[PDB]
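Okay, so here's just one chain, in C-alpha cells, the form deposited in one PDB entry.
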C-alpha cells in the first residue's frame, strides 16, 4: 500500500551516489550530510520546473520516470514527510519546508498550492532589497527549526534574489542501550597512517546487534534509538575502506534491518561532534544536474515575469553523538535569481 517505500530505495541509492562524489573530492575530511534534507529541496523545486531541466532534477535524484509517473513521486514525498513529522513519543524528529519570495513577485498560483499541499511548505513575503534583513530572517527560520544547531546557513545572500527555497531537518533521540559515562576513557584514533588523534572513547561490554560481512569486508553495528530511529556503523577491514564505499547498496541495508540477532562484544566507539558545509553545485553537476544552474534553466512553473535560474545550492549538517544518544541537524538552501 504505502508510498514512501515507493521512493525510499531511490532516495537511498541517491544518497550513496552523492556520497561517493563527496568522497571522491577529499579523502582527508569528514563528511556528513542529510540526504533527505537535500533531496526534498530539489523535488519541491522541481514542481516549478519544465522539460529538460525538470527531467534532470528528478532523474538526477535516482528516479526513472518511465517506470514511475511524476505525479507519484510527489505523492510519495507527501507521505514521507507526513510520517517523519509524526509524534514518536520518545524520539524527536522534525522537518520543514519554506519559501521566501520577494514582494514584487507574482507566482503561478498552482505551483504555490502544490508546494503548500504536497510538501506542506510555508510561504513568506520578503523584500530582497534589504539584503541583510532578509538574510537575517531566513537564518532565523533555520535557527528556530533546527533548535539552535544551524545558525549561519546563508552567509552570502545575493542582492538580486527573487526567491529562496529552504528546508530543515532536526533529530534528537536516545540510545536504547546507552553508554555509562564512567567508562568513557581517552584512547588513540588512527586517522591516517601517520596521524594519530587522542579521543574520548565510549565503552560497553554487552550483547550488541553486531556482525561482520566478508562481502563488505566490514564490521556492522546497529544501535537502536528509543523510538522509530536506528544508527548503523560500518568498520572496514584495513585497506578495504574504498571497497566498503562501493559496495554499499540499499537492499544490503534492508537485510541488516531484518536481522535482530545479538552477539556479545567489547565495543569502544568515539564521542563525536562534526559538521559538513557544502556548496553542492559541482557535486550535483557530476550527478547530471546542470541545467537548473544554467541560463538554460526553465522555471516557468514558478513565475512568468522573468526567466529565473538557480545560483546557489548550499547545504549544512551537524552531528553530535554522546553516551546518551545523538542530536543532528541539517538544512538546504537554494537561491534563485534572474538571468
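Positions refer to the first chain, counted from 1. Basically, rigid core = biggest C-alpha set you can superpose within 1.5 Å across the two forms.
One more form of this protein should be noted, the form deposited in another entry, which is absent from this view; the next part is about it.
Compared between this form and the one not shown on the core, the listed residues 81, 202, 216, 142 keep their C-alpha shifts below 2 Å, save 142. Core-superposed comparison between this form and the one not shown: the CA of residue 156 exceeds or equals a 2 Å shift.
For residue 187, a C-alpha deviation below 2 angstroms is recorded between this form and the one not shown after rigid-core alignment. After superposing the rigid core, the Cα of residue 172 is displaced by 2 Å or more between this form and the one not shown. Figure legend: C-alpha atoms of residue 30 and residue 171, shown here, are separated by at least 3 angstroms less in that other deposited form.
In that other deposited form, the CA atoms of residue 97 and residue 275 come closer by at least 3 angstroms compared with the shown structure.
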